[PDB]
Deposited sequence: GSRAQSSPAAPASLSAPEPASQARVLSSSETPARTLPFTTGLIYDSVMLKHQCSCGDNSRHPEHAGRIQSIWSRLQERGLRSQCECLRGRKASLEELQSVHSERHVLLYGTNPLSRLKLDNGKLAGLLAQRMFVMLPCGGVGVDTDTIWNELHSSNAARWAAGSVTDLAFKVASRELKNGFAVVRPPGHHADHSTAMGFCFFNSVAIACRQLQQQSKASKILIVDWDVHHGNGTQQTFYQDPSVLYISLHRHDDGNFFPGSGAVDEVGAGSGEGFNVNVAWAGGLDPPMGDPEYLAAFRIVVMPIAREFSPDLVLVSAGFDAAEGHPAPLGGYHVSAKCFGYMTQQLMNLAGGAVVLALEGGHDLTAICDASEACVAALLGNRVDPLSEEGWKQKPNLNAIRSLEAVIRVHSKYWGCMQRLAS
């Protein structure tokens, strides 16, 4: 197995995106998330095995492959950039929120550092784009992007949920620009629905979006991504919401996620036949996230195995990007597991006793609802 065919992307630029209130306690999407991951990768000796990359900033043009020109200028530029912008655009930015902690925000949760957040967000997006391009060109096998802030809630002209630019969707679009007619699968295993991703590709048959998320009948952030949302127009069939229903009791974890993979993710993915797989790799379905932040019990090994299964697709062209998840031990364990798998470590599904257990009935119900909906579009789902 060729060495240095797995990329890692990280850069200290992304640490500077911090509220001015200087308190990681009211702001779970904090710099410590990516630093702890980075060092863990070094400790367990995985970093040395990978072609490490720094990343770079996305260009405003790259940003605009997904986001409106107004969104890009708002979050992608700084007063006062060396930028050559016309006065009409300058005047627009003159036309244009306070947080409890006194820092500036886009909303309650989503903080804005006036010096550093634009560079950090652009850097997250360009880093995922760049890592991906390498995989597309066949110049790396797969890879893992250790990035913040996260991306998957940012829509065409909306920053929300800790996200400003949809790094994964931007990488998707860029890849497609650079290799005509390629087919891209985006798997989102972050516990939240990636509303911005679903909306970006909703009418687009060239991109298959599969999200697994806690849904509970519209009552978990962000409220989006019901099972009946399949895509529209040309893209009808190419949006798959594994919308988990029914809450936290009973316990949602490994047998549910493994079952979701066996039954829905893998069969639909193979039928689609993706040229490349991008993963919105949030770790907030990991054990270590209380009720309001998740409430699930997925294990690091399971994230590792899910990574491992996705490597059977697309010739192996697989790129994970960090999304949500903030319990440091949980996110570091999961990141480690995923990077071993990328390298070519194989998990022993027989190693784990709790993986002998049947998925819970809520999970079964939830998957039945997926099958029922998606039978219309996928053969593997027919009957």
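Asks: Go through the deposited sequence from residue 1 and tell me which stretches lack C-alpha coordinates, in order.
Replies: Coordinates drop out over 1-34, 131-133, 421-423.
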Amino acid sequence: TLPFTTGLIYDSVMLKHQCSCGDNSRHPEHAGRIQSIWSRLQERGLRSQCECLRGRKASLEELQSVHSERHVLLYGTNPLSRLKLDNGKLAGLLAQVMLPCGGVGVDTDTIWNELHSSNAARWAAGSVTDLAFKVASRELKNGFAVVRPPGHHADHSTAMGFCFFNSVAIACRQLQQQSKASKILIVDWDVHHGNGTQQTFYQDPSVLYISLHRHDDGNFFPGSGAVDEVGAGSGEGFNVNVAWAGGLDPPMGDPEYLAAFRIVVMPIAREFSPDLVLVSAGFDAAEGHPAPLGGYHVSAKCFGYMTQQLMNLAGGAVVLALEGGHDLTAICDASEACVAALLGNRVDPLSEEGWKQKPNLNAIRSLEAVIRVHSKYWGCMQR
From here on, numbers count along this sequence of modelled residues.
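Between two forms, the rigid core is defined as the largest C-alpha subset superposing within 1.5 Å.
Asks: Compare 175-183 with 131-139 and report which one shows the larger root mean square C-alpha deviation from this form in 4 other deposited structures of this protein once the rigid core is superposed.
Replies: Larger mean C-alpha displacement, comparing 175-183 and 131-139 in 4 other deposited structures of this protein, is found in 175-183.
Asks: Could you say which moves further from this form in 4 other deposited structures of this protein, stretch 72-80 or stretch 281-289, by root mean square CA distance after aligning on the core?
Replies: Stretch with the higher C-alpha RMS distance in 4 other deposited structures of this protein: 72-80.
Asks: Relative to the other compared entries, is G92 without coordinates in a third or more of them?
Replies: Looking at the other entries that model residues on either side of it, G92 is missing from at least a third.
Asks: Mean CA B-factor: is it higher for 294-302 or for 187-195?
Replies: Averaged over C-alpha atoms, the B-factors run higher in 294-302.
Asks: So, looking at the entry's B-factor column for Cα atoms, which has the higher mean, 327-335 or 349-357?
Replies: For C-alpha atoms only, the mean B-factor is higher in 349-357.
Asks: Which one of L83, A124, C172, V277 shows the biggest C-alpha B-factor in the PDB entry?
Replies: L83 has the highest C-alpha B-factor of those listed.
Asks: Of the options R148, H153, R214, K141, which has the highest CA B factor as deposited?
Replies: The record points to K141.
Asks: Thinking about Cα B factors across the chain, which third does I364 belong to?
Replies: For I364, the deposited C-alpha B-factor lands in the middle third.
Asks: Hey, what third does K180 fall into on Cα B-factor, ranked over its chain?
Replies: Ranked within chain, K180 CA B lands in the highest tercile.
Asks: Quick check for you: using the entry's CA B-factors within this chain, is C21 in the lowest, middle or highest third?
Replies: Within its chain, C21 is a highest-third residue by C-alpha B-factor, going by the deposited values.
Asks: Is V66 in the lowest, middle or highest third of its chain when residues are ranked by C-alpha B-factor?
Replies: Bottom third by C-alpha B-factor.
Asks: Can you work out whether the C-alpha temperature factor of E114 puts it in the lowest, middle or highest third of the chain?
Replies: Lowest third.
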